[PDB]
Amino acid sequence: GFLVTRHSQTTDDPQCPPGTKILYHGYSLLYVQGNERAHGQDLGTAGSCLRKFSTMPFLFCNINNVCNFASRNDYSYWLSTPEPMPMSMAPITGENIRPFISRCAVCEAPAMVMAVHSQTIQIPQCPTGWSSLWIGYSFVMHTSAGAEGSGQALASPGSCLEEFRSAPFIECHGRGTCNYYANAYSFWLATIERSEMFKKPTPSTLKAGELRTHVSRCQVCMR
């Protein structure tokens, strides 16, 4: 019973890769933050694909047998779409949030699925005996409020996003608001020239148009 989760990074349901069957579609959950502590769900697993969305998909209980829902100051983070940040740059609420949330598909595969990374701008070949499911960019971790966050396993399909985005996720709050913030950081595997492996890294500051020049590529494969 092998499973693979795919994220469209758009408001449309992604399609199950060739050879796999759909189980269900949902919204792309990246991680949550309760009592200021972050806990993520690997993007390559079904845990990152929830059928129902909410800026507050969880609640907390105490040893006094009292549970509180949306009653403190907690967060939820979701993979986002190409929808531009509002001109007002103010938080988004209610139905206006829907255009920003990524969709996902949980599919059952005949065999084991994995991701491989080239650590170069070229797409890495699937290991011998493995077939391609999709290609993308090496997404490894992220941080936001309080510099808290989580990341992906490098052999998980979750570490391979098909669409590169400087801002691949949006931040939501128990109060019902969501927005992008300047400290929302996305970390990606970088390109490394073989001759530079044991040499001091050469610093690079990339702007729109040249961002992908140092981002490693990947391919998700199935045995």
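Numbers follow the displayed sequence, beginning with 1.
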Pick between 12 to 20 and 195 to 203: the one whose mean CA B-factor in the entry is higher. 12 to 20
If you average the CA temperature factors over each stretch, which comes out higher, 61 to 69 or 177 to 185? 61 to 69
Residue, from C104, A145, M141, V113, that the PDB entry assigns the highest Cα B-factor: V113
Among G151, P99, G136, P127, where is the Cα B factor highest in this entry? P127
Determine, from the deposited record, the chain-internal third of the Cα B-factor for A46: lowest, middle or highest. middle
Lowest, middle or highest third: where is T120 by Cα B-factor in its chain? middle
Going by what the PDB entry lists, where does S131 fall on CA B-factor within its chain: lowest, middle or highest third? highest
Taking only the Cα B-factors deposited for this chain, tell me whether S88 sits in the lowest, middle or highest third. highest
